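Here is the structure we will look at, set down as structure tokens.
Only this structure's heavy atoms are used, side chains among them; waters, hydrogens and symmetry mates stay out. Letters A, B, ... mirror the listed sequences (proteins, then strands); counts begin at 1.
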Amino acid sequence: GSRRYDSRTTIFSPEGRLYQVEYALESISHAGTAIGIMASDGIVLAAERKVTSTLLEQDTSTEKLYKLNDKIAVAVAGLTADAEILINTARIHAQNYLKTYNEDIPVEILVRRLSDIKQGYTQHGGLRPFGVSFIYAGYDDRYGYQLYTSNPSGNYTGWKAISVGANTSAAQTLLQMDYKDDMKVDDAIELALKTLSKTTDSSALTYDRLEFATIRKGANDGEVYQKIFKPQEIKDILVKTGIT
Amino acid sequence: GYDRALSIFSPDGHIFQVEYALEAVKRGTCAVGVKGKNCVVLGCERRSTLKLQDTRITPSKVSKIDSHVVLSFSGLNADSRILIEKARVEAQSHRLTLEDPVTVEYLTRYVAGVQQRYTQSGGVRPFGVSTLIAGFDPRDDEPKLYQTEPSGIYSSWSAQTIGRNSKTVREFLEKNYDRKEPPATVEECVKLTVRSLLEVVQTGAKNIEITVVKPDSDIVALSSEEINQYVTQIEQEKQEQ
Amino acid sequence: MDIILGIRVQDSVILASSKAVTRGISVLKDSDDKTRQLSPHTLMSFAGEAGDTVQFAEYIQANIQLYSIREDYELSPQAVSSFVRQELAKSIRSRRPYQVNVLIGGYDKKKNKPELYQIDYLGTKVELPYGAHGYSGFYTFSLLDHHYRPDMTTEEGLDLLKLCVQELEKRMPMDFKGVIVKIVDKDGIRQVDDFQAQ
Amino acid sequence: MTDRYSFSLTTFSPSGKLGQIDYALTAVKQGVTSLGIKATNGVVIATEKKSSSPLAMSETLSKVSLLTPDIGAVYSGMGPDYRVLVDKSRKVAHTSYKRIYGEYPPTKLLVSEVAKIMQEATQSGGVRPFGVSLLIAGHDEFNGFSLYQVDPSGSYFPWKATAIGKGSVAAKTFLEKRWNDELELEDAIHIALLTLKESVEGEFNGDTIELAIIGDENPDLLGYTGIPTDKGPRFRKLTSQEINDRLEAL
Amino acid sequence: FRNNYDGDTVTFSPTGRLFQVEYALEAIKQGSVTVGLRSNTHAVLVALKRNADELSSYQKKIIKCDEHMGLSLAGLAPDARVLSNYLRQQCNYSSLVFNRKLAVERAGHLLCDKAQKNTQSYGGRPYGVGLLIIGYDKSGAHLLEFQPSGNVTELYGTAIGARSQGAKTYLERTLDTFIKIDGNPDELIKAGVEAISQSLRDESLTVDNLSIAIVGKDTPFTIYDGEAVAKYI
Amino acid sequence: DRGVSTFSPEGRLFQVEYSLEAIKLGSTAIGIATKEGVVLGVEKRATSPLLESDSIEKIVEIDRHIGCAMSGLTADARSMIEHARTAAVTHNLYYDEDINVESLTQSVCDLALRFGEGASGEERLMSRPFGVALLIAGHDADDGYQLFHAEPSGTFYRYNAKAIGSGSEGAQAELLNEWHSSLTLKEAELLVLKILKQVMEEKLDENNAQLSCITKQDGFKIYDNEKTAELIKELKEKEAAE
Amino acid sequence: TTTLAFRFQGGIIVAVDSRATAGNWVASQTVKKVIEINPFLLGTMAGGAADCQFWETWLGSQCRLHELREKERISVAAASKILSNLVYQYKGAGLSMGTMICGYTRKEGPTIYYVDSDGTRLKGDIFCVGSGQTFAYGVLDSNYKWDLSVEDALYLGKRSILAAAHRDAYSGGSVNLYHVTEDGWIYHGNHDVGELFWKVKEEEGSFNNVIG
Amino acid sequence: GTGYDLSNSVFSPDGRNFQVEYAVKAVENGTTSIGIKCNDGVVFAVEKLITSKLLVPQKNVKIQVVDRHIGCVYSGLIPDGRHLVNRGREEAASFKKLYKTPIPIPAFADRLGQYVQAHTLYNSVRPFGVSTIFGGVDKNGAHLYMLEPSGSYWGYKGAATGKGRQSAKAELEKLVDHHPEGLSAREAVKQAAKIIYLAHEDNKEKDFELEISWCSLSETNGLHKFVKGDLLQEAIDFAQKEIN
């Protein structure tokens, strides 16, 4: 029958490893780098656009930064199509939580659910896993600013600063080298751009190859705000930090 | 629709997927539990492949199934969440139908059954997880400690460890734990636990987390300091010789 | 019906619930506690159909406790009442709807304020200084509309209840066998074991 | 009987590649060239009608399809896959949007739905990915004109101009040189015809070329009068004659 | 060769064979011998019961399906339980719904069709047991031979199991004789015991090792074991 | 690969055969039937000294007149026991009588072949055969004391004495000699303890071995360590006696 | 039917009648309305005969299963909740049963749970259930003390059922007495009202109306 | 490469389905059976090898009737043949229930045809291991058909399958040429007995038993019936005579 063509995407290796998960991570490693840095007064998300052109319409483009909630966002590394599938269920999950409890969904709760979904494709169904890794940046009143990361396995962990995608090792070393618990959003914004700049496989780090986002509590208000920078906004910040 | 038999017998009578599931456990961070005369302690090691995490939000290794029972594990993290959720759900259900919280042995038997079921059900792989479940039965003061593995087998221990270098830490415990006189104190119980972990953690104050469970739903996890202190008083035990 | 009263004062919510359990011609019990604690700072009282009553209260208790364990946190009273309304709203259009009315009294540790929610079997939810389910409301609403003040003390509240209970023992048709009073505040939930003559 | 292929036919290789999708992409490369150009007041999508027999009547087949009155599609790769993708796309615009809000979906969202359909054929059990890449152009009140590309992986991106298929590399390079943010529709159309000429071997006329535009509203193509708000479709396929006329000013 | 076409029952070998069915057929040959024969008034089954240790019991080889029908097995005991239980249901249904005793010939067709279904669809395995069915219906005495391939055959007598060829030749030789043994069950049984003993080698049929069954004109299908078969050894 | 319900060229089912192999690697188990009752003994086999040996349950009660010992992948026996207990209690509920030991055994064996990836005959959902064998011991008014051996093959035999597990081939050979139709319960007890002692890698004590029995008078009972320790001592003495 | 169970200093007293009716027809005067779930658990039956009798027998099965599974005696509270939840799954279907689950456990002590087909489950010290309940309550309530001697509590109970047998057309037959202590229940006989009434009348001097 | 013959619905590089062809091998290995279409009906006959004296004579009937007017005989895996007839009976019952009229032979043929063809469409099933000869009399005369494991079938004047299919076909072709005006049911019966006897030479090792059935408008009233007793023995004598 069919058994002949079954790849068996959900089995252990003799070393107790999950093949497909490993291979999916192997796929992620070649994806545009995405960085998440959390400060005392906010969080920063920055990703490098993989494959670009003169003709690519950047104003209408989004391939790495997605808004999930008004207080939560994610940076993607891997198959964009696979991510959109997960993203959309995450958006529904947040609204379900809100509808049920009349309170915005706590950041970890959203992350755990999404991770559980990935985990499933790992233990049953004979389907391939999603080739995606997420960096979650969000804020809630129980833990304030939070930074999470989930990968194909369905496991997730919290970070002060982190990267996913390509050249993560180099990027992690550079972050673990200049990160300081008492950083300020703007400090993080600069550390983020500098890291990408040194890891980039490209010639120069221009605005047209980046997506940026911040979650800050604009003092003159009292509420938290998500801001997914526009092409010009990135072009500006890029000149300021000294990368012109 | 997917129902392929993934766990099956091979010529020598082994279920390789279950065995490889243990290999996943062997690779997991170490976990240990020792029962005193009036408490049980659970300690886990924290990896260091990457350090720059936010320890506040990053999920811990010791989970409360109910207010009087906790569970720790070694193996795939994603897999453990599933077992923990099911156990928690069952704990609430048992309280509802029997009008009494689960006994540690009952909760253990349930978790083990879930694992066994995943070793002979089509379309699924076994859990790459071994657990340590501990607490005090309702209105009982006798400490309880059990361990479960992928196969679905479980049993109680005076003290036990799982995960990487668990071979080492067990030796330490076999020749450092006396059933005749179990750590009669919460403090001396936590010491023996931190000692057993240091045999493999290799100086890791922030790489060692302990959680103490006392009778009548008294559960609390020590902080880096309380722990760091134990580590301190122990490195002197060595040097003072 | 049974008496289900709730009154929110300055820093706490007080719930009073009749102790009688009558079936047809006989009063079977006179010490029945029509309440379930959903979490350390949230108490729910209930009245309605013979079986649905407890099955629903316990079903919710199980869910809130489950949420507590999983999140190692206590949901706000507002969040709990919303979960409860949702469950009843589903029920009303199901095959066999839960015929249960409830009062939810909780102390919101984050806002540091007591809260009282009234929810009927239809999933009708409203937050109030004082509420009641059943016929009691027909005597107690105007009473409290008269003798109620926002800044009252817990002690003042208990007197306000005593006033309500007396009116009920004077004018209501049935012998509800007195009530059981409980207080929810910043320190949790406790029962006023001395109201049978307070 | 009963599909017992409940497992994925597309999986990760040790290198991290998803073979079936790469192969699908390969099939797209072998397909006839198709391109899209966005102007300030319109969009144009075109392709060559590679007749597979002089006895075949190329008009009976359309590579450029209307999805909604303001959205059109063209492709490169396996025509039969594209055909069913068009039927699904027209239907989903209805079942998932018009039936809810009583208005056609904006370009990005329909593209989003189509893209999802393709992603599913990349992970669901028992199927292969679609062997096509699509170029979808449209207009909607709050977004104006837009042009999108959708690959077998389910990924999609917005473009100012681009080409896919056989001679995409050459065609893209040519479009980069001629495109600017001030092109009028007629300019884009002209540029389109020029770009396509390089990719065409034999005949090049209104009978071997297929081109449509998303421009102004065509009240004359509505089929009825009486409702002020209903002004007509923005999508319009050019006629063979209309094409030859422009070929003389080539 | 064979190794490429015997992985399941949904595959034909280049010569038109079905190996999974053939391997199943092998299980029968490895089973203990059992004989079946009949006259015009009775039908008999004789079986050699095999034991594991001398501390174990001798596994039953005969199963009653209805007052007028029963069978003996050779091969996988479980599969016989499944098939005999299904034969019991069919006998039962015939009575309940039609107040009619199921004809042996029909039982045979039903068995054939059941076995067949497990040789043409993926996932199923053929049955690994042979069955000899005797019964007395409106057309007299009958004997059927059931093979896991689905082939069922009516005979005067036969034998299946290890060394069965012995008894078979003997019955094929005694034919004109035993077929006329009407009105005398004891004689028909002795012919059956003589047939079976033609397949002995290891030992000799003892009292807790021999199993006999009979059905006929005014004889409801009845099994004989132990002391009950003593008068025949 | 190859179907989980495939036949070998010799007429056997691969998975079932391989299943038996896992059973050979199991802890020893022995059962001895006497006109005074049946004795069931098993090797605990602790994988470490920290393991509280009395949390090792390889002897369990099905009903008051039926108990059983297991050998092999013991976790597989849980659903088998649940089924056996449910069948025993259900028969009582429907017939107002105890279930016959033979039927209870037949019931357990019926689950045996209920495995496969789609075997056409009903709805056998279980991805593989069981990896544990059982010795079912009990008593009923129809056939008195009985000992049964149930394997993942679906077949079961009745034995006067039977040993399964690691040292079985040897132990069974022993039983072939020691057993006789007049043994007393006590005689069977020492015999079980003696054979276990021989095949066990460990020095048999009241902690790595467990005894139990079933008698018409008191039903199924598992001897406590104190009771067994004395039977062990009683053995060492009679042995050293010659 | 009339059944009662009350808790007192010497444990628990359980008394039931034995009449079964179908309309005004007395179907039987020999029904066993008490089920010995086990050496320490009792179940009383009122309402639909088949319903109580079938579902309580089933309860016994569930109870036994629990002990085989947990190697421990089932609690009174849990035994009563199993019947409670079963019956609730049938709410609206027409099951008819007013029941009492009475037992002893080291952990709970003497315990009594009232359980009806309505889904009502109540723990208490005194409960009278059935078409004769009020009649039993009248006698029992006015002579109950936590300090009755096991011998006096036994009589009060018996006398209470006698009262109901007399006044309720749907109660009668004989009385079945049980005493529950930590060593399980103790049967205290079957007392046919045919002789019990006259005996009590003479000895006690009550039932002064009826002429003898 | 190779391995195009291990799975059923697979096309080989030359457009074949080997599993079907292998099924044909099981058919050619079977007993010989035939069908002769006379001027107002059809005659069916088959070879019944006598594996041993133990087979009760006249007892293991091969030919099967569908409804009351259709006859079926096949060579190869008998069990597969019965399976197909069971489908035919259901098929015929469903047709009659709705259209009232007993199923026309041509319609019946396609019913069997689509079913057999269906078993060459998936790898989860195995093709039928039999070739079947069937037919009967309906509103427009007599019809004879033969169906192959591929699902192929056509109407025939004479048809044969099995071990001695060649002898038979040779003989049947002879009849066709020597009877352009038609053969009668009575004659078809005798000729059938002969053809079987002749074709028995390709298996002359084992002794056999003849079996004939027929469906004739004038001889059986359009109903299918077995040729027994005297008419049978008479046909046997006619064959035994011309065999020498």
Side-chain angles (χ1 to χ4, degrees), chain A residues 51 53-57, chain D residues 22-39 42-53 56 58-59 61-65 72-83 85-86 111 114 118 130-137 147-153 155-179 183 185 187-214 237-238 240 242-244 246-247 250:
Chain A
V51 184
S53 166
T54 306
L55 274 20
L56 179 74
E57 185 59 287
Chain D
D22 291 340
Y23 305 167
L25 275 164
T26 294
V28 177
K29 272 270 66 185
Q30 321 288 194
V32 175
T33 300
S34 55
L35 52 69
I37 308 173
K38 176 167 64 175
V43 191
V44 51
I45 45 170
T47 194
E48 174 194 308
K49 271 188 284 188
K50 186 79 171 184
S51 182
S52 294
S53 181
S58 60
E59 331 84 58
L61 236 171
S62 271
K63 299 178 69 180
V64 185
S65 310
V74 69
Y75 79 104
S76 287
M78 303 171 64
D81 283 9
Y82 167 78
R83 192 175 66 244
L85 273 171
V86 176
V111 163
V114 178
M118 296 173 78
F130 288 87
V132 307
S133 261
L134 307 169
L135 284 189
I136 300 169
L147 174 57
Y148 288 89
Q149 182 186 320
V150 189
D151 292 355
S153 70
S155 296
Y156 59 98
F157 353 77
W159 290 97
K160 289 170 176 177
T162 196
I164 52 174
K166 238 184 180 66
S168 53
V169 185
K172 287 210 292 289
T173 295
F174 182 48
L175 289 172
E176 296 179 55
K177 284 177 166 60
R178 321 286 272 76
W179 194 87
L183 291 170
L185 183 57
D187 299 350
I189 295 177
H190 183 66
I191 305 304
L193 290 178
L194 291 171
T195 314
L196 212 52
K197 183 186 288 283
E198 307 314 309
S199 303
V200 178
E201 302 87 354
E203 291 300 353
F204 192 70
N205 53 65
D207 298 299
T208 51
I209 288 146
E210 188 164 346
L211 190 160
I213 57 126
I214 305 297
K237 205 191 196 77
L238 297 205
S240 177
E242 287 185 293
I243 296 196
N244 296 317
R246 291 194 173 57
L247 286 179
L250 191 296

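With sequence neighbours excluded, the residues that form a salt bridge (charged side-chain N to carboxylate O under 4.0 Å, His left out) with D81(D) are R128(D). Applying the side-chain contact (heavy atoms from CB on, under 4.5 Å) test to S155(D) and every residue at least two apart in sequence or in another chain returns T80(A), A81(A), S153(D), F157(D). The salt bridge (charged side-chain N to carboxylate O under 4.0 Å, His left out) test applied to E201(D) returns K50(D), not counting sequence neighbours. In this view, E57(A) and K38(D) satisfy the salt bridge (charged side-chain N to carboxylate O under 4.0 Å, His left out) rule, not counting sequence neighbours. Among residues two or more places apart in sequence or in another chain, the salt bridge (charged side-chain N to carboxylate O under 4.0 Å, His left out) test is passed with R246(D) by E186(D). For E176(D), the side chain to side chain donor-acceptor pair (under 3.5 Å) test picks out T54(A), with sequence neighbours left out. By the ring pair (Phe, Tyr, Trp, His ring centres under 6.0 Å) test, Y75(D) is found to be paired with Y82(D), residues two or more places apart in sequence or in another chain being considered. Listed by chain and residue number, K17(D) satisfy the side chain to side chain donor-acceptor pair (under 3.5 Å) test with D22(D) (two or more places apart in sequence, or in another chain). When the side chain to side chain donor-acceptor pair (under 3.5 Å) test is applied to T33(D), no partner is found at least two apart in sequence or on another chain. Qualifying side chain to side chain donor-acceptor pair (under 3.5 Å) partners for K160(D), counting only residues two or more places apart in sequence or in other chains: none.
Closest non-hydrogen pair, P152(D) versus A24(D), comes out as CB-CB, 3.7 Å.
Residues in residues 202-212 of chain D take part in these salt bridge (charged side-chain N to carboxylate O under 4.0 Å, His left out) pairs, two or more places apart or across chains: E210(D)-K237(D). For residues 163-174 of chain D, the pairs satisfying side-chain hydrogen bond (donor to acceptor under 3.5 Å, both in side chains) are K29(D)-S168(D), with sequence neighbours left out.
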For this session: Could you walk me through whether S58(D) and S51(D) pass the side-chain hydrogen bond (donor to acceptor under 3.5 Å, both in side chains) test, one step at a time?
Result: CA-CA 6 Å; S58(D) 60; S51(D) 182; 5.5 Å; no

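The number of heavy atoms from other shown groups lying within 6.0 Å of OH (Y23(D)) does not exceed 12.
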